[PDB]
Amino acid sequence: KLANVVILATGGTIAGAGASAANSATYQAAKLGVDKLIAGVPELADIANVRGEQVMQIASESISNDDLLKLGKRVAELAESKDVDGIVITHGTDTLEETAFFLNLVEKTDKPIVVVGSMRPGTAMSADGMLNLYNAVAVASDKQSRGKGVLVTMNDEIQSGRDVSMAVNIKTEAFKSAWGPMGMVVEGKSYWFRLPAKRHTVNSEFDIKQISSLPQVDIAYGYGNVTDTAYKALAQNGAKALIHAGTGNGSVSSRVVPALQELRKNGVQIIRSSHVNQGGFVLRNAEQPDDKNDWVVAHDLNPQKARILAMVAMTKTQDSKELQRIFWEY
């Protein structure tokens, strides 16, 4: 009668603890195991048959590519199981948007996958995690969630895992998309207003089942008087692609362009993103001659999202034209 939902716990503020009820912002992440999360929301038994597993127990700022692969592979094993209807991942906020996008690209399933965190620990007055987790389970149990790609369910919203980002610090409305929420979840019911347009999950060319390793990708920032130092150092320490987090429309300083040309000739993919992250996108051939240089633009994707897509894409191709297509379809 009720859906079978599995909760995969990774740590985070949602599993965190502070010293008193007034500690909404100063806490230790990743203190409570998945069984204590489930025990703290007894109302979950009203909306689904829930089982929990601990995949990891980390502050998400310290996540690694090996962690992503472990989580992605477990999600795929559960998605293939006839006994599983939906999956919830409890996660720290800091890199929640990276995990959600990674799963959106590599999980070839129409089964709902929801990633959820909290801005306050469960010890705090007015802690947000209990209702976030209830909503995540509600959404993971809802037929309307099938085929919608990875979702994030914080602040009573249904956000696309593709382009939701941690945009506001401290407040519970932290996660926003340039392209809006797709829906809302209220008193366990989902209300949809938009659908995804971009390739995901079942329509993805990528599959975690065929990924055993991820290429190293790093990010360097653009600002006044920036030099080529970080770009060269990152490449010298193994980066196979650099995400340029440029000013404006992925613009590159005249002090940095020559190093990026030299790195591209040395086989490093050069992907122009920006730190202009509330809306718009980076236009090919506008601020830099990407065709002449054989560079790629990240479209609307912020730097950390562009890193995820580049890493997944480079499991399959190092062709800059193919990478640009991928950045325009996902």
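Quick note: we count residues from 1 along the sequence shown, nothing fancier.
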So 304-312 or 9-17, which one's hotter by mean CA B-factor in the entry?
9-17
If you average the CA temperature factors over each stretch, which comes out higher, 180-188 or 199-207?
199-207
Whose CA atom has the top B-factor in the entry, of 273, 277, 60, 28?
28
Taking the Cα B-factors listed in the entry, which of 93, 213, 135, 227 comes out highest?
213
Lowest, middle or highest third: where is residue 258 by Cα B-factor in its chain?
middle
Per the entry's values, where does residue 222 land by CA temperature factor relative to the rest of its chain, in the lowest, middle or highest third?
lowest
Compare the C-alpha B factor of residue 123 with those of the other modelled residues in its chain, then answer lowest, middle or highest third.
highest
Of the three thirds of the chain ranked by Cα temperature factor, residue 152 occupies the lowest
C-alpha B factor of residue 159, ranked within the chain: lowest, middle or highest third?
lowest
